[PDB]
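One file, start-v1.cif, carrying mmCIF, C-alpha atoms and all ligand atoms; chains and numbers go by the auth columns:
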data_work
#
loop_
_atom_site.group_PDB
_atom_site.id
_atom_site.type_symbol
_atom_site.label_atom_id
_atom_site.label_comp_id
_atom_site.label_asym_id
_atom_site.label_seq_id
_atom_site.Cartn_x
_atom_site.Cartn_y
_atom_site.Cartn_z
_atom_site.B_iso_or_equiv
_atom_site.auth_seq_id
_atom_site.auth_asym_id
ATOM 1 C CA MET A 1 3.523 -44.669 -3.289 0.00 43 I
ATOM 2 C CA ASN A 2 2.449 -46.297 -6.475 0.00 44 I
ATOM 3 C CA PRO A 3 0.814 -44.235 -9.220 0.00 45 I
ATOM 4 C CA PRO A 4 -2.725 -45.037 -10.297 0.00 46 I
ATOM 5 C CA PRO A 5 -2.578 -47.934 -12.759 0.00 47 I
ATOM 6 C CA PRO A 6 -3.023 -47.269 -16.469 0.00 48 I
ATOM 7 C CA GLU A 7 -6.663 -46.992 -17.299 0.00 49 I
ATOM 8 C CA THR A 8 -8.379 -50.104 -18.589 0.00 50 I
ATOM 9 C CA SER A 9 -11.675 -48.522 -19.606 0.00 51 I
ATOM 10 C CA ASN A 10 -12.812 -45.096 -20.703 0.00 52 I
ATOM 11 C CA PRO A 11 -16.422 -44.161 -21.541 0.00 53 I
ATOM 12 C CA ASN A 12 -15.242 -41.604 -24.117 0.00 54 I
ATOM 13 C CA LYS A 13 -12.786 -43.848 -25.984 0.00 55 I
ATOM 14 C CA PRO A 14 -14.336 -45.570 -29.028 0.00 56 I
ATOM 15 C CA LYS A 15 -14.294 -49.364 -29.177 0.00 57 I
ATOM 16 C CA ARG A 16 -15.025 -52.109 -31.678 0.00 58 I
ATOM 17 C CA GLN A 17 -14.514 -55.860 -31.997 0.00 59 I
ATOM 18 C CA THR A 18 -12.050 -56.998 -34.671 0.00 60 I
ATOM 19 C CA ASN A 19 -10.647 -60.405 -35.479 0.00 61 I
ATOM 20 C CA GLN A 20 -7.099 -59.153 -34.896 0.00 62 I
ATOM 21 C CA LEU A 21 -7.965 -57.974 -31.402 0.00 63 I
ATOM 22 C CA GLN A 22 -9.764 -61.270 -30.770 0.00 64 I
ATOM 23 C CA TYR A 23 -6.527 -63.018 -31.802 0.00 65 I
ATOM 24 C CA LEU A 24 -4.438 -60.841 -29.512 0.00 66 I
ATOM 25 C CA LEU A 25 -6.567 -61.907 -26.548 0.00 67 I
ATOM 26 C CA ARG A 26 -7.164 -65.554 -27.385 0.00 68 I
ATOM 27 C CA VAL A 27 -3.763 -66.515 -28.815 0.00 69 I
ATOM 28 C CA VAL A 28 -1.128 -63.929 -27.963 0.00 70 I
ATOM 29 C CA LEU A 29 -2.072 -62.752 -24.471 0.00 71 I
ATOM 30 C CA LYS A 30 -3.184 -66.254 -23.488 0.00 72 I
ATOM 31 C CA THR A 31 0.138 -67.819 -24.588 0.00 73 I
ATOM 32 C CA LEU A 32 2.188 -65.285 -22.636 0.00 74 I
ATOM 33 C CA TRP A 33 -0.161 -65.130 -19.624 0.00 75 I
ATOM 34 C CA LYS A 34 0.077 -68.855 -18.882 0.00 76 I
ATOM 35 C CA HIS A 35 3.821 -69.091 -19.483 0.00 77 I
ATOM 36 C CA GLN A 36 5.949 -69.980 -16.456 0.00 78 I
ATOM 37 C CA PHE A 37 7.706 -66.594 -16.744 0.00 79 I
ATOM 38 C CA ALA A 38 4.493 -64.518 -16.906 0.00 80 I
ATOM 39 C CA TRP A 39 4.022 -63.804 -13.222 0.00 81 I
ATOM 40 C CA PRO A 40 6.193 -60.644 -12.711 0.00 82 I
ATOM 41 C CA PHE A 41 4.369 -59.115 -15.670 0.00 83 I
ATOM 42 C CA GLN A 42 0.761 -60.005 -14.737 0.00 84 I
ATOM 43 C CA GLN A 43 0.094 -56.816 -12.777 0.00 85 I
ATOM 44 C CA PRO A 44 1.410 -53.250 -12.494 0.00 86 I
ATOM 45 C CA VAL A 45 4.806 -52.959 -10.865 0.00 87 I
ATOM 46 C CA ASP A 46 4.121 -52.586 -7.170 0.00 88 I
ATOM 47 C CA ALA A 47 7.017 -50.352 -6.158 0.00 89 I
ATOM 48 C CA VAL A 48 5.785 -50.377 -2.561 0.00 90 I
ATOM 49 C CA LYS A 49 5.546 -54.119 -2.027 0.00 91 I
ATOM 50 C CA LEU A 50 8.644 -54.844 -4.127 0.00 92 I
ATOM 51 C CA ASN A 51 10.624 -52.055 -2.389 0.00 93 I
ATOM 52 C CA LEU A 52 11.575 -50.250 -5.598 0.00 94 I
ATOM 53 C CA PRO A 53 11.277 -46.591 -4.527 0.00 95 I
ATOM 54 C CA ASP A 54 12.950 -45.369 -7.725 0.00 96 I
ATOM 55 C CA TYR A 55 10.804 -47.426 -10.135 0.00 97 I
ATOM 56 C CA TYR A 56 8.341 -44.687 -10.957 0.00 98 I
ATOM 57 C CA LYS A 57 11.086 -42.063 -10.979 0.00 99 I
ATOM 58 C CA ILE A 58 12.638 -43.969 -13.906 0.00 100 I
ATOM 59 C CA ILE A 59 9.565 -45.470 -15.643 0.00 101 I
ATOM 60 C CA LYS A 60 6.959 -42.858 -16.541 0.00 102 I
ATOM 61 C CA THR A 61 4.931 -45.004 -18.988 0.00 103 I
ATOM 62 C CA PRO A 62 4.285 -48.193 -16.998 0.00 104 I
ATOM 63 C CA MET A 63 2.588 -51.144 -18.621 0.00 105 I
ATOM 64 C CA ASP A 64 1.935 -54.768 -17.729 0.00 106 I
ATOM 65 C CA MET A 65 0.012 -57.782 -18.984 0.00 107 I
ATOM 66 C CA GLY A 66 -2.732 -57.440 -16.372 0.00 108 I
ATOM 67 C CA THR A 67 -3.549 -54.027 -17.807 0.00 109 I
ATOM 68 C CA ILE A 68 -3.286 -55.345 -21.376 0.00 110 I
ATOM 69 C CA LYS A 69 -5.585 -58.262 -20.529 0.00 111 I
ATOM 70 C CA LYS A 70 -8.187 -55.925 -19.061 0.00 112 I
ATOM 71 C CA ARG A 71 -7.894 -53.556 -22.008 0.00 113 I
ATOM 72 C CA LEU A 72 -8.559 -56.445 -24.393 0.00 114 I
ATOM 73 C CA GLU A 73 -11.420 -57.825 -22.302 0.00 115 I
ATOM 74 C CA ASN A 74 -12.953 -54.313 -22.022 0.00 116 I
ATOM 75 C CA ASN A 75 -12.705 -53.496 -25.774 0.00 117 I
ATOM 76 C CA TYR A 76 -10.533 -50.597 -24.759 0.00 118 I
ATOM 77 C CA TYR A 77 -8.424 -50.768 -27.935 0.00 119 I
ATOM 78 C CA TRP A 78 -9.576 -49.675 -31.359 0.00 120 I
ATOM 79 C CA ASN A 79 -6.792 -51.485 -33.192 0.00 121 I
ATOM 80 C CA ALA A 80 -4.133 -54.146 -32.821 0.00 122 I
ATOM 81 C CA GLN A 81 -1.255 -51.679 -33.001 0.00 123 I
ATOM 82 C CA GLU A 82 -2.342 -50.033 -29.771 0.00 124 I
ATOM 83 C CA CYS A 83 -2.104 -53.366 -28.020 0.00 125 I
ATOM 84 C CA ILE A 84 1.201 -54.292 -29.665 0.00 126 I
ATOM 85 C CA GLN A 85 2.539 -50.911 -28.506 0.00 127 I
ATOM 86 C CA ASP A 86 1.508 -51.724 -24.946 0.00 128 I
ATOM 87 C CA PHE A 87 3.359 -55.043 -25.041 0.00 129 I
ATOM 88 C CA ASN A 88 6.437 -53.264 -26.385 0.00 130 I
ATOM 89 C CA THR A 89 6.216 -50.612 -23.678 0.00 131 I
ATOM 90 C CA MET A 90 6.096 -53.398 -21.093 0.00 132 I
ATOM 91 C CA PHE A 91 9.191 -55.083 -22.496 0.00 133 I
ATOM 92 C CA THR A 92 11.103 -51.818 -23.001 0.00 134 I
ATOM 93 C CA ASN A 93 10.410 -50.678 -19.440 0.00 135 I
ATOM 94 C CA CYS A 94 11.787 -53.993 -18.201 0.00 136 I
ATOM 95 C CA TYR A 95 14.969 -53.641 -20.251 0.00 137 I
ATOM 96 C CA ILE A 96 15.440 -50.012 -19.127 0.00 138 I
ATOM 97 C CA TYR A 97 14.849 -50.461 -15.409 0.00 139 I
ATOM 98 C CA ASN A 98 16.533 -53.803 -14.761 0.00 140 I
ATOM 99 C CA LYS A 99 20.169 -54.755 -15.103 0.00 141 I
ATOM 100 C CA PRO A 100 21.049 -56.712 -18.270 0.00 142 I
ATOM 101 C CA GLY A 101 21.273 -60.442 -17.807 0.00 143 I
ATOM 102 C CA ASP A 102 19.202 -60.344 -14.626 0.00 144 I
ATOM 103 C CA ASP A 103 16.651 -63.126 -14.424 0.00 145 I
ATOM 104 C CA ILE A 104 13.719 -60.762 -14.877 0.00 146 I
ATOM 105 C CA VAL A 105 15.252 -59.592 -18.158 0.00 147 I
ATOM 106 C CA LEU A 106 15.761 -63.173 -19.342 0.00 148 I
ATOM 107 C CA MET A 107 12.145 -63.846 -18.464 0.00 149 I
ATOM 108 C CA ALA A 108 10.984 -60.829 -20.475 0.00 150 I
ATOM 109 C CA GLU A 109 13.260 -61.820 -23.356 0.00 151 I
ATOM 110 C CA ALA A 110 11.665 -65.257 -23.472 0.00 152 I
ATOM 111 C CA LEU A 111 8.163 -63.765 -23.401 0.00 153 I
ATOM 112 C CA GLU A 112 9.077 -61.214 -26.067 0.00 154 I
ATOM 113 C CA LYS A 113 10.413 -63.922 -28.363 0.00 155 I
ATOM 114 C CA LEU A 114 7.109 -65.791 -28.096 0.00 156 I
ATOM 115 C CA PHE A 115 5.241 -62.502 -28.527 0.00 157 I
ATOM 116 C CA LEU A 116 7.071 -61.665 -31.739 0.00 158 I
ATOM 117 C CA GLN A 117 6.437 -65.195 -33.044 0.00 159 I
ATOM 118 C CA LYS A 118 2.698 -64.857 -32.405 0.00 160 I
ATOM 119 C CA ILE A 119 2.567 -61.325 -33.820 0.00 161 I
ATOM 120 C CA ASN A 120 4.288 -62.516 -37.014 0.00 162 I
ATOM 121 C CA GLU A 121 1.153 -64.658 -37.441 0.00 163 I
ATOM 122 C CA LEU A 122 -1.422 -61.888 -36.905 0.00 164 I
ATOM 123 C CA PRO A 123 -4.430 -62.691 -39.137 0.00 165 I
ATOM 124 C CA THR A 124 -5.519 -60.192 -41.742 0.00 166 I
ATOM 125 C CA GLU A 125 -8.510 -58.022 -40.852 0.00 167 I
ATOM 126 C CA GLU A 126 -11.841 -59.474 -41.943 0.00 168 I
HETATM 127 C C1 LIG B . 8.415 -55.943 -14.680 0.00 201 C
HETATM 128 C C2 LIG B . 9.532 -55.334 -13.887 0.00 201 C
HETATM 129 O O1 LIG B . 10.470 -54.764 -14.431 0.00 201 C
HETATM 130 N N1 LIG B . 9.457 -55.354 -12.455 0.00 201 C
HETATM 131 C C3 LIG B . 8.379 -56.009 -11.698 0.00 201 C
HETATM 132 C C4 LIG B . 8.937 -57.258 -11.063 0.00 201 C
HETATM 133 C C5 LIG B . 10.280 -56.919 -10.404 0.00 201 C
HETATM 134 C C6 LIG B . 10.977 -55.750 -10.716 0.00 201 C
HETATM 135 S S1 LIG B . 12.422 -55.694 -9.801 0.00 201 C
HETATM 136 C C7 LIG B . 12.185 -57.161 -8.946 0.00 201 C
HETATM 137 N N2 LIG B . 12.974 -57.718 -8.035 0.00 201 C
HETATM 138 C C8 LIG B . 12.579 -58.881 -7.516 0.00 201 C
HETATM 139 S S2 LIG B . 13.725 -59.510 -6.287 0.00 201 C
HETATM 140 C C9 LIG B . 13.675 -58.359 -4.906 0.00 201 C
HETATM 141 C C10 LIG B . 14.698 -57.215 -5.168 0.00 201 C
HETATM 142 O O2 LIG B . 15.834 -57.471 -5.480 0.00 201 C
HETATM 143 N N3 LIG B . 14.260 -55.861 -5.040 0.00 201 C
HETATM 144 C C11 LIG B . 15.140 -54.705 -5.261 0.00 201 C
HETATM 145 C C12 LIG B . 15.454 -53.879 -4.160 0.00 201 C
HETATM 146 C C13 LIG B . 16.270 -52.779 -4.347 0.00 201 C
HETATM 147 C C14 LIG B . 16.768 -52.508 -5.674 0.00 201 C
HETATM 148 N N4 LIG B . 16.441 -53.306 -6.689 0.00 201 C
HETATM 149 C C15 LIG B . 15.666 -54.377 -6.549 0.00 201 C
HETATM 150 C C16 LIG B . 15.362 -55.238 -7.803 0.00 201 C
HETATM 151 N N5 LIG B . 11.446 -59.500 -7.844 0.00 201 C
HETATM 152 C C17 LIG B . 11.078 -60.771 -7.280 0.00 201 C
HETATM 153 C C18 LIG B . 11.807 -61.721 -8.301 0.00 201 C
HETATM 154 C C19 LIG B . 11.226 -62.492 -9.320 0.00 201 C
HETATM 155 C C20 LIG B . 12.299 -63.160 -9.961 0.00 201 C
HETATM 156 C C21 LIG B . 13.406 -62.715 -9.293 0.00 201 C
HETATM 157 O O3 LIG B . 13.062 -61.872 -8.348 0.00 201 C
HETATM 158 C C22 LIG B . 10.617 -58.981 -8.761 0.00 201 C
HETATM 159 O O4 LIG B . 9.421 -59.696 -9.106 0.00 201 C
HETATM 160 C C23 LIG B . 10.992 -57.743 -9.363 0.00 201 C
HETATM 161 C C24 LIG B . 10.533 -54.739 -11.717 0.00 201 C
#

For the file at hand, write its structure as structure tokens.
Amino acid sequence: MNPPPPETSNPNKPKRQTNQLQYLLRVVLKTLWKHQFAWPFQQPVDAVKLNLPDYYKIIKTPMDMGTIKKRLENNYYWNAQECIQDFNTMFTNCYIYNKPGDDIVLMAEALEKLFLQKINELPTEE
């Protein structure tokens, strides 16, 4: 079975709108989301449909861009670092679970390179 996905809203978790979080949705997430390599990362890993019975025995902090997108759209994050951490968790999980040099890793590596380039250009808080 798959676990429940990571939450994307929480009525008790404070929220605000900041220009850095606006940038993470409009520039960073959008650039990665539309990239030709985005698709394996656009939703939680479906260990059932993908026949990966050991995925959630190895990965206990799953994360994916579908979750990140919803968190941004739902004002789930208070700050940019929370979102950056989620992207990093996504990439790290990929590099832990998959064999080095596999295509999925090369795909993540290409997305991470773009990610780091866009994060280097994070605007200062207004
Ligand atoms: C984010 C992330 O880490 N994941 C989500 C996406 C993903 C995996 S693992 C995986 N395998 C395939 S291939 C079928 C397979 O080999 N399953 C399998 C069975 C028994 C043992 N190990 C394996 C791998 N495909 C389809 C595909 C896309 C390009 C190449 O292949 C995938 O999208 C994924 C994990």

task = Extract, using all atoms listed in the file, all DNA, RNA and protein residues at most 9 Å from residue 121 (chain I), discarding same-chain residues fewer than 3 positions from it, and format them as a PyMOL selection string.
result = chain I and resi 57-60+62-63+124-125

key: Close residues, residue 92 (chain I) itself excluded, 12 Å, all atoms listed in the file, min 6 positions apart in chain, as an MDAnalysis selection string   = chainID I and resid 43:44 82 86

query = Which residues match the PyMOL selection byres (((not hetatm)) within 12 of (chain C and resi 201)) in the file above, as a VMD selection string?
reply = chain I and resid 78 to 98 100 to 101 104 to 108 129 131 to 151 153

Nearest to residue 111 (chain I) by atom-to-atom distance, counting all atoms listed in the file, from I:61, I:73, I:166, I:50 = I:50

remark   = Using only C-alpha atoms, the residue out of I:99, I:155, I:113, I:160 with shortest distance to residue 51 (chain I) is I:113

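Considering all atoms listed in the file, the residue among I:157, I:67, I:167, I:46 positioned nearest to residue 117 (chain I) is I:67.
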
ask   = CA of residue 112 (chain I) to CA of residue 156 (chain I): how many Å, to one decimal?
value = 20.3 Å

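Going from CA of residue 64 (chain I) to CA of residue 127 (chain I) covers 16.2 Å.
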
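Going from CA of residue 47 (chain I) to CA of residue 159 (chain I) covers 28.1 Å.
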
For residue 164 (chain I), the nearest of the candidates I:114, I:128, I:103, I:123, counting only C-alpha atoms = I:123

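Distances from I:56, I:65, I:76, I:154 to residue 168 (chain I) were compared using only C-alpha atoms, and the smallest one belongs to I:65.
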
Box for region 67-74 of chain I: with edges along x, y and z, all listed atoms inside and 5 Å added on each side, what are the centre and edge lengths in Å to one decimal, as AutoDock Vina command-line options?
--center_x -2.5 --center_y -64.9 --center_z -25.7 --size_x 19.4 --size_y 15.9 --size_z 16.2
